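Next up: just one chain, as C-alpha cells, the form deposited in one PDB entry.
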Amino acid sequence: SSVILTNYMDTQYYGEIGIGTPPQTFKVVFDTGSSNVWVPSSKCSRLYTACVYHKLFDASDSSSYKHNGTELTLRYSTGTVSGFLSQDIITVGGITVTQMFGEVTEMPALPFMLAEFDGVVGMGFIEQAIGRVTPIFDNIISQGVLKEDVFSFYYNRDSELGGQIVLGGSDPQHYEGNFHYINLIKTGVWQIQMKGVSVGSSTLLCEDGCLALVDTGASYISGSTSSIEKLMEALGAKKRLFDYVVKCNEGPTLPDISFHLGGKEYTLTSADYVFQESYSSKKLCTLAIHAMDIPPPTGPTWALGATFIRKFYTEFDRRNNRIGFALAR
C-alpha cells in the first residue's frame, strides 16, 4: 500500500488518513522521530486559533469511536500538544486498522498556525510511544497483510507528486542503484551511527563518531548547536533567530557537505541545502540545515530530515532493525 504525499514549500510533507465512521479526513505528517498518532479535537477550545484553522476530530459523529480519555502530552522539538486518548478506525493508504490516538485540546498558535497539516502519525517504535500506546505501524503489521515488515519514504522537490510512502516495501520507480544498509544502534529508535561529517575539503565534523536520527518529520538536517556553529562558520553563514542565511549570490559557491554512513559517503551540493530564492547579493537565502539540540537519551544527535531524504530514498526495515538508502529518482 502507498500513501501519496503533498509537498508544501519543501518543509512540510503530508498525506491524508481517515478516522472514524463515516471517515473524518485529516492531513498528517508521517514522523519516524515519534511514535504517537494525534489530530486536533472538536474538544479544543476555539481560543486556540490553531484549532479554528484546522480539521477537528468529532467523536460524537463517529459510530466506531471508543472512549478512553487518558490525558497525554506530546513534546516535539518545535512545539507541544496536549489532550487525551481515543480509539477509532483509521484508514491509511487503503489499509484499515483499529488505533488509539490523541485528541488534542491544546494546540499553540506558534508553531501550529503555520502548520499546513492537521496532525502527526508517529512511525517510530513503541519504546518511545508516550503513554505506551501501540504505534500504528505495529498495529498494521499485526494484521499480516504487508509482504515485508518495512516502510519507505520518497520526498520530491517543491515541483510545479509531492512525495510517497510505501507501507510494506519500496517503489523502484523512485530510486536507482541499490540500497546500502546501516543497522540500527538500538531497536526502539530510528537512529544510526554516523562516522563523520565533511564540509568541502576538510572532514572537521563528527570526528570520532556521532549519532544520526533518520527523521522523516524533520524539515531540515540538524546537528547540535556546537557542531552547526563550526559547519556554518565554515560556510561563511550568519546566524539568525531560527536559522542561518547566506547572501544569495554566494549560495551556488558553497561547498558540498557529505555524511559518512555505513561506509558510504552521502553527499549534498549547495543546491541541495540552500533555498536559492534568488541570486541577489542584496538578499538573504536560508539554508536547510539548522542547529537543534535533541535531549537525551536520544540526543545529543544529528537529525537527517527532508533535506537529506529528498536526495536519498529511504527504507525503514523493522524486521532487520536497519535503514537503507538509495539515490532518489
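In this text, the rigid core denotes the largest set of C-alpha atoms whose superposition between the two forms falls within 1.5 Å. From 1 onward, residues are counted along the sequence shown.
Between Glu160 and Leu161, count the deposited residues left without coordinates and pick a bin: none, 1 to 3, 4 to 9, 10 or more.
The entry leaves 4 to 9 residues without coordinates here.
Is the mean CA B factor in the deposited entry higher across 37-45 or across 256-264?
Stretch with the higher mean C-alpha B-factor: 256-264.
Per the entry, where is the mean C-alpha temperature factor higher: 105-113 or 186-194?
Comparing 105-113 with 186-194, the higher mean C-alpha B-factor belongs to 186-194.
Quiz for you: based on the deposited Cα B-factor, which of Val81, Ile126, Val120, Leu146 is highest?
That would be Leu146, according to the entry.
Could you tell me which one of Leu85, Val150, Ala218, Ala237 shows the highest CA temperature factor in the PDB record?
The record points to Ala237.
Could you place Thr298 in the lowest, middle or highest third of its chain by Cα temperature factor, using the values in the record?
Top third by C-alpha B-factor.
Relative to the other modelled residues in the chain, which third contains the C-alpha temperature factor of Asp272: lowest, middle or highest?
Middle third, going by the recorded CA B-factors of the chain.
Relative to the other modelled residues in the chain, which third contains the C-alpha temperature factor of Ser280: lowest, middle or highest?
Its C-alpha B-factor, which the entry lists for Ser280, ranks in the highest third among residues of this chain.
Please say which third, lowest, middle or highest, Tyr154 falls into when its CA temperature factor is compared across its chain.
CA B-factor rank for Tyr154: lowest third.
Mind checking which third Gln164 falls in for C-alpha B-factor across the chain?
Lowest third - that is where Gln164 ends up once the chain's C-alpha B-factors are sorted.
Below, we refer to the form deposited in another entry, which is not included among the displayed structures.
If you line up the core, which of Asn183, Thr91, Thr78, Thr134 has a CA that moves 2 Å or more between the shown form and the other one?
Among the listed residues, the one whose C-alpha moves by 2 Å or more is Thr78.
Rigid core fitted, then: does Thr49 show a CA shift of 2 angstroms or greater between the shown form and the other one?
Moves: yes, 2 Å or greater.
Taking the rigid core as the reference frame, is the Cα of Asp10 displaced by 2 Å or more between the shown form and the other one?
The answer is yes; the displacement is at least 2 Å.
Classify the change in Cα distance between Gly79 and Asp138 in the other entry as closer or farther, relative to the shown form (magnitude of 3 Å or more).
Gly79 and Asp138 sit farther apart in the other entry.
Where do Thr80 and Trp190 end up in the other entry, Cα atoms closer or farther than shown, with a change of 3 Å or more?
Farther is correct, given that in the other entry the C-alpha spacing of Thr80 to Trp190 is increased by at least 3 Å.
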